Every structure is written in structure tokens, then in C-alpha cells.
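One structure is given below, encoded as C-alpha cells.
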Amino acid sequence: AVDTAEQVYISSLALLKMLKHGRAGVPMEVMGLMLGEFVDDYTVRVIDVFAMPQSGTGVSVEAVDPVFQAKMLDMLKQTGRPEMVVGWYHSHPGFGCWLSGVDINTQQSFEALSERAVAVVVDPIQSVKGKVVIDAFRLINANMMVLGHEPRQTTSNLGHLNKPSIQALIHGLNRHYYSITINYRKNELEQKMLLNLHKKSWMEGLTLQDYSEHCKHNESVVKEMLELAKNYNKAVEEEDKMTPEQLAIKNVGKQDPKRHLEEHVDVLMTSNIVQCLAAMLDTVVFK
Amino acid sequence: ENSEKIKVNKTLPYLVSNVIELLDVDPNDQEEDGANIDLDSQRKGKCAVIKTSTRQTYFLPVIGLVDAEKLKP
Amino acid sequence: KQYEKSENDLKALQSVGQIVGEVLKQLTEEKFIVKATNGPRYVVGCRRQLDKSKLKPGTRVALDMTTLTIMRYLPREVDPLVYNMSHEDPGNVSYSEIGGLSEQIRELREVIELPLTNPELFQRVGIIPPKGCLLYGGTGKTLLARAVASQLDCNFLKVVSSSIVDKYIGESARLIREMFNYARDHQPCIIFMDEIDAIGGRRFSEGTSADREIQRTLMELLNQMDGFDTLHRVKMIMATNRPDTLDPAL
Amino acid sequence: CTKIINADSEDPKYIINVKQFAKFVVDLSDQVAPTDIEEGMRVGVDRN
Amino acid sequence: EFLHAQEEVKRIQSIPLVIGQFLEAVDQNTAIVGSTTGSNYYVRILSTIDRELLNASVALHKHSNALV
Amino acid sequence: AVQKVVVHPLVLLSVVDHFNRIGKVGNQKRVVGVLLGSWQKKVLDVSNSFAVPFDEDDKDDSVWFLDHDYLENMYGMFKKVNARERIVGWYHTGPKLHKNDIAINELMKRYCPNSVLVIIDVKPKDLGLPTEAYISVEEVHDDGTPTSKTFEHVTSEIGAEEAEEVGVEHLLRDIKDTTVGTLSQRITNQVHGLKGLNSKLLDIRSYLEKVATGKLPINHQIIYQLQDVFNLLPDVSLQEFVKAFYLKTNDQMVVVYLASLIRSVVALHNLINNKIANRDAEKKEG
Amino acid sequence: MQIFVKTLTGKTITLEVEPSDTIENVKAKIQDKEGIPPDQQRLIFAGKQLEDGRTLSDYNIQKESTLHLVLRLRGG
Amino acid sequence: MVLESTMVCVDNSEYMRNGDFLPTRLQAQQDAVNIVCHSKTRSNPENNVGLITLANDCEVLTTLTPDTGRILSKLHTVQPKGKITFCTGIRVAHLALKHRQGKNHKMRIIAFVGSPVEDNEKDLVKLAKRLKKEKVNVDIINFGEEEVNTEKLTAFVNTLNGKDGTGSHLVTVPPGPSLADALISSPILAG
Amino acid sequence: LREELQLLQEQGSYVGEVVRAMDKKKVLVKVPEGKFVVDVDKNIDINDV
Ligand SMILES: Nc1ncnc2c1ncn2[C@@H]1O[C@H](COP(=O)(O)OP(=O)(O)OP(O)(O)=S)[C@@H](O)[C@H]1O
Ligand SMILES: [Mg+2]
Ligand SMILES: [Zn+2]
């Protein structure tokens with residue numbers, strides 16, 4: 024049996040292949056393989072990911088020639104080192120994460136050879152910048168659903184941590200499959216070299232900024248900042264009046280001075296203090 | 075078995091509708107494998123458009139079982 | 038072969054019909070605000086390999102059920118009503134079959150057969166040809184129309200002038216709209232109304248109620264005929280049983 | 098409540114008509130005599 | 071961390087959103103909408119809304137159908 | 005010929021994992037692979053890559069191998085699984101610009117006309133951008149050889165994409181310098197880039213190691229720029245460069261003097277907004 | 001005589017058969033010895049797919065020959 | 001079957017350009033390569049046959065592939081012009097067989113030399129003891145014309161099958177333009 | 059603010075108009092949609108309705 028503390032380790036490399044292939048053909052359900060490295064009865068490690076040419080419909084998506092599969096794995100053994108189809112994934116476009124009535128069927132084909140084929144959903148729409156609604160699954164027997172017997176024999180307080188969505192609960196969870204808690208394998212091998220490689224620049228700051236127009240832009244804000252302060256020479260004057268909780272609901276048609284009047288003060292500061300300081304270092308450094 | 079499965083999914087409740095137009099455009103250009111779909115843009119025959127009394131209009135890429143030459147607008 | 042037919046059915050019976058849609062405008066390279074003739078409208082995504090540029094306001098699109106995003110787009114559509122209202126008379130009617138109307142023959146001819154080929158003489162004078170005329174008078180009027188129809192093979196369109204009306208809210212006007220649309224589709228084109236009298240009507244003090252949208256579509260056609268469209272290679276042909284009763288402006 | 102349209106011999110295949118929803122190629126119930134469902138008539142039909 | 075939550079707030083602000091027109095509010099952070107559905111419904115708002123820029129062309133959530 | 009290159013963080017990452025997969029050789033291996041991408045609008049794009057089997061023996065280091073069947077079929081799969089994708093050139097792991105990369109580019113230019121290379125970093129420490137790319141130009145000229153060919157660096161940056169910006173910003177979850185205000189410029193390029201100019205002053209100090217002792221080729225074409233730098237060293241402080249500098253300090257600070265004057269009044273209006281909620285509740289509530 | 005087939009996971013199995021056996025026979029045999037029905041029995045040898053009606057003499061597949069199987073992926 | 005990988009090294013040197021052998025020197029050794037790649041394929045279907053050269057520019061002309069349609073295409077107007085450089089011919093032969101998909105195959109190389117070589121015998125004996133530490137068996141077959149009694153090649157084969165190697169040979173060239181299908185009947189019959 | 063994302067997915071309210079109410083604190087109310096009757100939220104007196 025299982026302990027519902029399965030803890031699927033994935034990587035820091037596979038998920039970018041997951042989302043790029045998932046989003047380049049997003050409204051169709053694209054899918055692929057999971058090529059990883061098995062460990063003990065509890066955990067599993069999926070390290071590499073590749074897709075195949077597919078043929079789809081609106082509600083269904085199939086695969087094509089199987090030759091593609093064996094020839095791809097031969098070339099990945101000879102270059103790098105050999106592995107094994109950890110599992111398989113697919114991509115609900117903007118749905119969420121569940122096993123539909125056809126998604127459950129090819130899972131049933133894959134769980135026969137190895138019983139631990141991990142079924143993975145990636146949604147490349149719901150993922151904005153933070154959360155990436157992934158939620159890997161695996162089947163449970165509908166024979167024990169007939170028995171009314173509750174499976175998986177909870178022997179650790181690590182399963183019931185993440186709560187399922189109600190929309191995935193409308194679907195087959197939890198009558199034919201279960202969820203798995205996952206995290207990410209992170210290391211200085213990779214974590215240091217995506218941070219210190221992505222957002223970097225070279226001259227954007229040792230340079231000046233359109234020197235006749237920066238001082239011109241120091242009037243393009245201040246000119247309407249007069250009349251915006253005239254509204255601030257207006258709105259305080261109608262206080263000691265109708266209970267300023269009313270002055271929250273009422274003022275939603277037009278812009279207030281008070282919040283907008285500290286908005287430009289930050290802008291009229293950092294545009295000046297940066298451009299003044301960066302000019303006064305080139306006097307020292309350059310002769 | 076195929077005709078039997080058809081009859082299975084050929085249940086007795088049916089949606090009435092009337093013909094609007096029978097579309098015939100080319101397949102798109104150009105298609106690739108990877109995320110291919112044998113359904114969308116792989117030929118020129120044949121498509122059409124219809125409307126149930128409930129005022130809906132869906133695009134058919136696939137004709138279905140019967141032929142359409144017998145049909146018309 | 039039979040089993041092949043069967044599997045063509047099988048593999049054919051998994052596609053899904055797709056929501057016919059229309060686009061109002063657009064916000065981003067990816068944000069699109071469209072609306073289906075089902076009714077409502079919703080923000081909707083598209084495919085990154087299908088000419089996100091060619092989607093001008095006015096285009097015709099299709100949407101998937103499941104996720105409601107753009108998958109494919111289709112060219113113009115032509116409301117099969119007018120289609121089957123377009124090309125149904127193969128009459129062998131010939132000028133030989135007719136007689137006693139030579140002067141009328143030529144009169145009609147100039148205003149519908151002359152400019153459709155050569156415009157020179159007119160600009161050489163400097164006068165736009167007319168747009169639409171009609172006769173008035177059992178004298179072979181309808182028959183003569185059917186006869187003259189047999190001289191284009193591309194661009195004759197006839198309408199009975201009464202089936203045009205409908206029972207639903209207002210789409211009768213939409214009909215004439217599509218008509219003039221197809222007119223501008225094939226710039227040489229001949230639309231025809233048979234006894235446009237009944238639909239014609241006149242002025243009233245709102246006696247009835249349907250008279251309201253009747254006159255609505257009426258003034259609709261009024262506008263469509265001679266307002267904000269450079270009438271070019273488009274003749275209207277009408278006839279009556281009493282050329283009194285219609286609107287004076289018409 | 099439901100309205101008939103027309104039928105065909107040797108096979109049920111009747112045509113129904115309803116108020117707001119569209120029409121459907123339909124079938125009767127065995128539990129009634131197969132006859133008196135001819136055209137120009139009002140009949141009852143389950144919701145589902 | 072507030073900023074982290076404040077950026078991740080937009081999970082509602084996904085693509086399949088219905089189109090409507092705003093009508094009126096009666097309180098802070100909550101109001102009633104109007105779409106082509108005509109049927110009107112009284113729903114909340116989110117932080118990211120500038121209350122000040124509100127005959128409001130508004131989009132609404134597909135399933136839950138709230139102000140976005 | 006080429007404006008610039010655009011690199012995604014995937015192909016940036018898709019070399020590191022292969023550098024891990026051959027890291028068990030221990031002794032010496034450079035990662036060399038096929039770079040895929042689609043250059044459009046005179047801007048070089050880089051999308052996908054893999055790595056080809058490649059070995060090197062130190063004695064007579066002119067013997068390379070590219071298993072082109074592995075290059076034929078896997079690109080044929082990649083041309084299948086993405087027909088938008090094509091070859092864009094190649095790359096190598098690039099610590100220190102190894103010698104075989106003068107004819108690796110000439111070995112496989114029969115696929116890509118402008119077969120561009122990319123030098124990446126596996127042990128990141130710098131103050132710049134640790135992705136480098138060259139281009140192939142050849143010359144029958146100057147002084148060196150009748151057959152002369154030297155690589156020239158076209159500028160390099162890491163392009164982003166709306167799909168992958170979701171991924172990388174979820175994959176960071178680490179120490180960050182967001183909330184760009186008055187301080188982000190102070191540390192992205194005023195703390196940092198001044199020390200960025202260190203390793204470029206010190207870089208030409210490293211070529212300067214040949215005054216009488218270093219390597220035997222002397223100058224010819226290195227000093228025409230160095231003669232220019234002390235020539236294009238900026239103007240001295242005697243002219244109205246003194247006077248017009250005080251002029252703009254006497255203009256830029258006035259805007260700061262107005263803006264700081266506003267900052268005191270706004271928070272004072274906020275002060276009464278707390279004295280309205282202090283005194284008018286102690287009698288009411290208690 | 002036996003044969004050999006490897007799944008994408010790297011499995012290694014044999015099947016004592018005779019050259020007059022069809023591929024469908026092997027389909028059933030490893031349906032009993034693997035579980036997957038012949039539906040998703042997409043098998044490859046010599047980089048080629050086999051049809052289930054031809055004898056083993058049609059492919060010259062000898063004993064303990066290194067075939068390769070993948071399922072017939074068709075979810076959605 | 002038996003695990004090897006047959007790697008042919010063709011001769012596109014400039015001394016092989018005349019017409020002393022009857023059809024062409026090029027086509028006569030070509031069909032000699034054609035029949036041995038039918039002899040290695042049909043005795044073992046796992047062996048692919050690709051060709052390398054040992055000229056001034058050691059090019060991968062055709063990739064190491066089991067198809068010969070690229071081999072049959074390139075060997076017409078192959079331009080056998082160039083200075084021989086055999087001292088790097090050991091390196092372009094050995095490092096090729098480390099790029100193979102299997103290292104459990106037997107490393108078997110044939111080498112066609114039909115030109116006068118200017119190698120150092122002191123350099124190849126350092127390369128031969130290199131092949132002693134690399135455990136490589138190469139049967140060098142001499143074609144064309146050369147220094148008679150293959151100078152430095154008897155000394156290389158002896159320092160190839162030394163240290164319990166005892167299995168490699170040196171098929172020397174007869175200095176007569178006869179039909180070369182009978183000259184290579186000794187490697188195709190046995191080792 | 060870290061909870062409305064698990065609050066706003068809730069369906070909104072319903073705008074109704076009452077001609078009048080009656081006993082058992084129930085209310086005949088309209089919607091262009093037909094009328095109905097349900098209870099009142101205990102927090103609402105009906106003389107005020
Ligand atoms: N000038 C004519 N020469 C020969 N036959 C004619 C002539 N005029 C009418 N007919 C015959 O009468 C028929 C009537 O022609 P129509 O064009 O239908 O008449 P009409 O003048 O339009 O009358 P209405 O409007 O239907 S009452 C024709 O089809 C011919 O059979
Ligand atoms: Mg008539
Ligand atoms: Zn799915």
C-alpha cells in the first residue's frame with residue numbers, strides 16, 4: 024500500500040519545458056512523456072521531459088506513429104545517460120486540474136507496466152507569476168469505490184496540507200484518483216545561475232538621460248501639479264462636513280487630489296536625485 | 075463493431091436545425107507536428123454551419139456520417 | 038472499403054462544433070473582445086500562429102466550447118435565404134419571345150446594360166449614370184424582367200418583395216442589409232423587386248402596430264439605396280400594379 | 098407538456114415540438130399503446 | 071510579502087471573462103453589475119480596481137461572475 | 005549585419021543540465037551543442053537547444069567529431085515537432101574560447117548561413133552579463149595571413165517572454181531588489197557599475213603585461229583605440245563647464261525644494277486626520 | 001523460440017514463441033504477461049511497426065530479438 | 001551477434017588520381033568498400049559503415065550511418081586531391097570510435113594508404129603505445145603505390161598487436177595494377 | 059486581502075423588488092423575471108420593508 028506522503032520531487036529543469044510546450048499550443052490539450060529516475064516506494068524523481076507529434080480534436084487528443092518514441096529514447100541514452108519514462112503529463116488549457124473521462128483512460132493504459140506512472144496536469148493560463156496550478160495525480164481503484172472502503176492508509180501528517188479546489192472536486196476527485204504534494208529540487212548548480220543571469224544590465228545608469236529634456240520633463244509634471252494642488256486647495260476646504268466615510272463612496276467617479284498629489288512627488292524626486300547624483304560622479308571619475 | 079458503436083452514440087434524442095452554409099475553405103498553411111491536430115486544417119472538404127431553434131451556431135469541421143452533396147443551403 | 042467508410046465515421050465522430058463568433062474591437066496583441074450572435078460577449082484568447090493581424094473589426098470568427106478562445110476564422114457568410122433567392126430562374130425567355138416593346142427594350146438597356154461595361158461617354162460628358170428606375174402599366180412586365188435576367192450569367196438577383204418580412208423581432212431589415220452587402224461583394228450586380236408596391240406602402244398615423252417596424256425597414260432601405268454609398272455598377276429594378284400608393288420620396 | 102409534429106411507419110422516430118426549446122427526433126414510451134400519438138395532438142414528455 | 075500576495079491577487083484576472091457595463095454601488099468594495107445578460111447581480115470588487123476610474129465598461133468573471 | 009541576439013532563459017538553462025549530465029567525466033569536457041532559433045527583423049532569436057556527442061584529446065587538438073546523424077534525425081524530429089523552429093547556429097560551453105572553435109563554425113555552416121556561436125557560463129562570477137556571442141567574418145587584408153578569419157562580438161542580452169516570465173519569477177523566490185524607487189538605481193548601477201568599470205580598467209591593465217617581458221606580438225592594431233581614449237578623455241574644469249554645472253544644480257534642486265515642501269504639508273494634513281480620530285473617540289467609546 | 005521487447009521505461013522481457021505465430025499471438029501473450037490489451041500494443045522492431053497477421057518469417061525476427069513497444073497514446 | 005563497428009577510412013590523396021587500375025582507382029576501391037559493407041551488414045545487422053579520410057583535411061565526408069546512399073553519393077566526384085597526413089589519421093580514427101553509440105563493441109578499423117607517407121617513426125610508436133593503453137586492433141590494408149615493403153607500417157602493426165594483442169596484420173600492396181577484388185579476398189575470408 | 063481570492067469566486071447576490079410582504083416573514087418579490096417568495100433575513104424587520 025501507500026502512505027499518502029508520496030512527495031514527488033521533480034527538478035528546476037523540466038517545468039520550463041512543461042510550460043513552453045504547454046503554452047505554445049495552449050487551447051489544444053498538448054501532452055508528452057516524463058523521463059525520470061525511480062527511488063523507493065515513497066518518493067519518485069522526474070528529471071527529464073519530452074513531447075511527441077500528436078493529433079487532436081476539441082475534446083480528445085491522440086498520439087501518432089510510435090516509432091518516434093523508441094528512436095527518441097535511444098538518442099537520449101547515448102547522449103547524457105539513460106533513464107526511464109517516469110510518467111506522462113497533459114495540459115488542460117484554462118480549466119484547472121482534474122482527470123477527465125478520456126484523461127483517465129490512457130492513464131489506465133500506463134499504470135499497468137509500472138504501477139507508479141505519475142499523471143501530471145499543467146495549466147499555462149491560471150499560472151500568473153506565482154502559483155502554477157500543477158497538482159500531480161494518480162488513480163485509485165474503482166473496485167474499492169464499490170467496496171465503500173477508504174484507501175491509502177494515512178500514516179503521516181503531510182498529505183492533508185493542500186486543499187483541493189471545488190471544481191476539481193466536482194470531477195473524479197475523490198472517487199477515482201488522489202492528489203500528491205510536491206516541491207522543487209533546488210541547488211546552487213542551477214539556482215545561483217538563473218538569478219545572476221537573467222535581470223542584468225551594463226550601462227543603464229552610468230549614462231545620463233536626454234539632458235535638455237530631463238529638465239524639460241521637470242516641467243511636464245510640475246505644470247499640472249499646480250492645478251492638481253488647486254484641487255488640493257479645494258478638497259480639504261469641503262471638510263468638517265458630511266462624515267468622511269461618505270467621502271469614500273462618493274468620490275469614485277473622479278480623481279482625488281490627495282492620493283494623486285503624493286504620486287508625482289515620488290516621481291519628481293527619483294527622476295531628479297538619480298540624475299543629479301549620476302552626473303556628479305563623472306566629474307570625479309572622468310578626469 | 076464500428077456500426078454498433080455508432081448506433082450506441084446514435085441515441086434517439088436529436089437536435090433539429092436548418093442549413094446556413096456549407097464551407098469549403100482550404101487547409102491552413104503551414105501545419106507542423108508536435109501539437110498537430112488531424113481535425114483542424116488538414117484538408118478542404120468539408121465544412122458547414124447550422125442553427126438550432128435555440129439560436130446557436132457551431133462550426134462543423136467534420137461532415138459526420140451522411141454525405142452532404144444530397145444537401146443544399 | 039465498407040469498414041473503411043465505418044472508421045471514417047468513427048474518427049469523424051469526435052470533433053466538436055465551434056461557437057460562431059464576431060469581434061467588436063481589440064485591446065492588446067492577445068486581448069480580444071468579441072461577441073457571438075448567440076447574445077453576449079466575453080474576453081477571449083487566440084492562437085499564436087494564425088495571423089493575429091488580419092482580425093479587423095468586422096471579421097467573422099469561431100470559438101471553442103470548452104475554453105472559449107479563438108481557434109479558427111472564416112470568410113464572409115451569405116444568409117441562405119437570399120442565396121436561394123438569387124439563382125433560381127433558368128428561364129429560356131428571349132427577346133425573340135417578346136415584342137411590342139423595342140423602345141422599352143432600349144430604355145431599360147441603357148440604364149442597366151450600357152454602363153456596366155463602358156463608362157467613358159458619361160465622364161466624357163461628366164454625369165454619373167442613374168441608380169434605379171422602374172416601369173409602370177398583364178402586359179409582359181414580370182415576364183420581360185425574367186427575360187432580361189438571361190443576359191448576365193453572373194449578377195442577377197430577384198426578390199418577391201413580400202417574403203422579405205418575418206415574424207421575429209426585426210431581422211427583416213438585416214435581410215436587405217445582407218442584400219446590399221452581397222451587392223457590394225460583386226460590384227456588377229442586379230437586385231430586383233417584384234411588385235415592390237405592397238412592401239412600398241406610404242405614410243400613416245400609426246394605425247396598426249406592425250406598420251411601425253414595417254416603416255422602419257422601409258426607411259432602412261431608403262437610406263441603404265441612396266445614402267453614403269457611391270452607387271456604382273448597381274441597378275435596382277422595380278414594377279407595380281399601382282404606381283400611386285408608394286411613399287412620395289421613394 | 099409537448100406537441101407532436103409527424104412520424105414514420107415501422108419505427109417510432111416521431112417528431113416533437115415544444116414551447117421554448119427546439120424540436121427533437123423523439124420516441125414514445127412502451128408503456129402506452131403505440132397508436133394514439135398521431136399528428137395534431139398534445140402529449141406529455143418527461144423533462145429528461 | 072504583501073506585495074507578493076498583491077501581485078498574485080490577479081488569479082481572477084484571467085482571460086475567459088464576460089463583458090458588461092457597471093451601473094451603481096451602494097457601499098465600498100461592492101456593487102451591482104450590468105451585462106448584455108440584462109440580469110443584474112450584486113458582487114464585490116478587488117483591490118487592484120482604481121475606485122476612481124468608475127458608465128463603466130466592465131468585464132466580469134465567467135463562472136462566479138463578479139467585478140474584475 | 006546582425007543587430008543583436010535574443011536569448012531565452014530556457015536555453016540558458018538547457019545547457020546547465022547537460023553540463024551536469026557530462027559532469028561525471030571529471031577530467032575535461034566542453035559542452036558543445038546545436039543552437040536552434042528563428043532570426044527575424046534582423047534580430048537574432050534563440051529558442052531551443054540540445055547537445056551533440058563531442059570529445060577532445062589534448063595531443064593534436066585539431067580532431068573534433070560531430071555525430072551528424074544525431075544532428076540529422078533529432079533536428080528532423082524538432083523540425084517535425086516545431087516547424088516554426090529551425091537551426092540558428094550552435095554554441096559551446098565557453099570558459100575560455102577553445103581552439104577548435106575556428107572550424108566547428110565552418111564545419112556546420114552548410115545549414116545556417118550566419119552560423120552564430122554562443123559562449124555561456126557554468127561557474128557564474130562577474131559584474132556584467134555572463135552570456136557572450138560572436139560572429140564569423142573573414143578577411144584577405146591588413147597584415148596577418150592571406151587566409152584570415154577572426155570572430156567579432158555582437159551584443160548580447162537575455163530576452164524574456166510572457167510564457168517564461170511566469171516560470172522564472174516563480175522559480176526565483178529568493179533575495180530580490182524590487183520596488184524600484186530612489187534606491188534601485190543606486191545599487192544596480194551606482195554601487196555596482198562603478199565597480200563594473202573596475203574590471204575594464206583592469207582588463208586593459210592585463211594586456212599591459214607585455215611592456216618588455218610578455219608575449220612577442222606587440223601592438224599594430226591595439227593602440228589606435230588606446231591612443232583615442234586618452235585623446236577623448238573629457239573636458240577639463242575651467243570653462244563654463246564649471247559655470248553651466250552650477251546653473252543646472254540651481255535648477256534641478258529647485259524642483260526638489262518644491263517637492264519636499266509639498267511632502268511636509270501632506271503629512272501635516274494626515275496629522276490632523278489622526279487628531280480627528282483620537283479626540284473624537286475617547287469621549288464616545290472610552 | 002523467445003523474443004525480446006523493451007518498454008520506454010527500460011523493461012526487459014522475453015516470450016517463447018514459434019516462427020509460425022502471428023504478432024497478434026504475442027499481443028495476447030503479453031496482454032496476459034503485462035496487462036495492457038493489444039489495443040495499445042504499438043510494438044517496434046528494426047525501427048518498424050509490425051502488423052498482427054503476418055508470420056514471424058515475414059520479419060526475420062529471430063529468437064531473443066530486441067523489439068521495442070510503446071502504448072497507443074490517445075487521451076484528451 | 002558479435003559486437004564490433006566497422007569503420008572504413010577511404011583514400012582521397014592526390015597520388016590516387018591516375019588510371020593504372022582499370023576502371024578507376026577510385027571506383028575499384030569503392031566496390032571493395034561496397035562488398036565489405038555488404039559483408040559486415042549481413043553478418044551483423046548492428047554494424048553501421050561510415051567513412052573518414054586521412055588527408056590534409058580529415059573531414060567527416062559521410063556520417064557514420066548504416067545507409068550507404070550518402071556513401072554512394074559522395075564517392076562520385078569525390079575530388080581525391082590533397083596532401084596525406086597520417087599522423088593525425090590515428091587521432092581521427094580513434095576519437096571517431098569513441099563517438100560511437102556503443103563502447104562494448106570491438107574497435108575494428110581498416111585503413112587504406114595508397115600514397116608515400118612522411119610520418120615520423122618515433123611519433124607513431126608513441127601513438128602505438130597510446131593504442132596499447134587504448135586496446136585497439138587495426139588491420140591496415142595497403143593499396144595503390146607507396147614506399148615498397150611499407151616503411152613504418154610493419155613497425156606500427158608490430159607495435160599494435162604487441163602486449164598479448166597478436167591478432168592484427170599488415171596487408172601490403174602488390175606493385176601491379178591488377179584487379180583489386182582478389183587483393184582484398186584475404187580480409188573478407190578470415191582475420 | 060489574501061482571502062477574497064477564496065471569497066470572490068462566490069456567486070453574487072440577486073436584485074429584487076417587493077410589492078409587499080405577508081405572514082411568516084415571507085416576501086413576494088420580483089426580478091425582467093417572474094416573482095417569487097422566500098423568507099427574510101432575521102436581521103431585517105419587515106415593517107421597515
Ligand atoms: N407583350 C407581350 N407579348 C407576348 N406575350 C405577352 C405580352 N405581355 C404579356 N404576355 C403574356 O402574358 C403573361 C403576363 O406577363 P407578366 O409580365 O406576368 O405580366 P404583368 O404585366 O407583369 O402583369 P401582373 O403584374 O402580374 S397583373 C406573359 O407571361 C405572357 O405569357
Ligand atoms: Mg406581373
Ligand atoms: Zn486533460
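Protein chains in written order, with the deposited numbering: chain c, 24 to 310; chain F, 75 to 147; chain E, 38 to 174, 177 to 289; chain A, 98 to 145; chain D, 71 to 124, 127 to 140; chain Z, 5 to 290; chain u, 1 to 76; chain b, 1 to 191; chain C, 59 to 89, 91 to 108. Cβ atoms here follow ideal geometry from the backbone N, Cα and C, with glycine treated the same way.
Alpha carbon to alpha carbon, how far is residue i from residue j?
i	j	result
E151 of chain b	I84 of chain b	15 Å
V148 of chain E	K274 of chain E	8 Å
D116 of chain E	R109 of chain E	20 Å
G171 of chain c	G182 of chain c	21 Å
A258 of chain c	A128 of chain D	24 Å
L121 of chain Z	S18 of chain Z	15 Å
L275 of chain Z	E289 of chain Z	21 Å
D181 of chain b	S43 of chain b	19 Å
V119 of chain E	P91 of chain C	35 Å
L124 of chain b	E110 of chain Z	29 Å
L183 of chain E	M277 of chain E	12 Å
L16 of chain Z	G93 of chain Z	15 Å
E75 of chain C	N110 of chain D	12 Å
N52 of chain Z	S105 of chain D	44 Å
Starting from residue i and walking both ways along the beta strand (DSSP E), at which residues does that stretch end?
i	result
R68 of chain c	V67 to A74
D139 of chain b	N137 to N142
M54 of chain c	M54 to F61
DSSP beta-bridge partners for residue i?
i	result
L170 of chain c	Looking at the DSSP assignment, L170 of chain c forms no beta bridge with any residue, so it has no partner.
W94 of chain Z	Z:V38
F72 of chain D	Bridge partners of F72 of chain D: none, in fact.
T99 of chain A	A:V140
Hey, quick one: how far does the alpha helix (DSSP H) through residue i stretch, first residue to last?
i	result
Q91 of chain D	Segment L87 to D97 is the beta strand (DSSP E) holding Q91 of chain D; no alpha helix (DSSP H) there.
**Report entry** Members of the region 78 to 91 of chain b near chain Z, C-beta cut-off 8 Å
**Finding:** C87, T88 and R91
Query raised in the report: Using a Cβ cut-off of 7 Å, which residues of the region 107 to 128 of chain F contact any Cβ in chain E, in chain order?
Result: Correct list: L113, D114 and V123.
Query raised in the report: Which residues, in chain order, does the region 75 to 94 of chain F contribute to contact with chain A at a C-beta distance below 7 Å?
Result: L86, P87, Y88, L89 and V90
**Report entry** Proximal residues, the region 103 to 114 of chain D versus chain E, C-beta separation under 7 Å
**Finding:** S105, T106 and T107
Requested in this report: Please name the residues in the region 27 to 50 of chain c whose beta-carbon is closer than 9 Å to at least one beta-carbon of chain E, in chain order.
Outcome: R46, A47, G48, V49 and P50
Query raised in the report: Along the region 117 to 145 of chain c, what residues have a CB closer than 7 Å to any CB found in chain F?
Result: none
**Report entry** Members of the region 89 to 111 of chain E that neighbour chain c once the beta carbon cut-off is set at 9 Å
**Finding:** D101, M102, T103, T104, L105, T106, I107 and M108
**Report entry** Contiguous alpha helix (DSSP H) assignments of at least 4 residues, all confined to the region 80 to 153 of chain E
**Finding:** 117 to 121 and 139 to 150
Requested in this report: Can you give me, in chain order, the residues of the region 63 to 74 of chain b that have a beta carbon less than 8 Å from any beta carbon in chain Z?
Outcome: For the region 63 to 74 of chain b, residues whose beta-carbon sits nearer than 8 Å to a beta-carbon of chain Z comprise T63, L64 and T65.
Query raised in the report: Which of the residues in the region 74 to 85 of chain E, read from start to end, lie with their CB under 9 Å from any CB of chain D?
Result: Under the 9 Å Cβ criterion, the region 74 to 85 of chain E contributes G76, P77, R78, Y79, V80, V81 and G82.
Requested in this report: Anything in the region 97 to 113 of chain b with a Cβ closer than 7 Å to a Cβ of chain Z? List those residues in chain order, please.
Outcome: Cβ contacts with chain Z: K98 and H99.
Query raised in the report: In chain order, which continuous runs of the beta strand (DSSP E) of length 3 or greater are located wholly inside the region 89 to 171 of chain c?
Result: 107 to 113, 141 to 144 and 160 to 162
Requested in this report: Pull out every residue of the region 42 to 74 of chain Z whose Cβ sits closer than 8 Å to any Cβ of chain c, in chain order.
Outcome: Residues passing the 8 Å Cβ filter: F54, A55, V56, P57 and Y74.
Report task. Mind checking the region 78 to 92 of chain c against chain E and listing, in chain order, the residues whose C-beta falls within less than 8 Å of any C-beta there? Result -> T80, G81, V82 and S83
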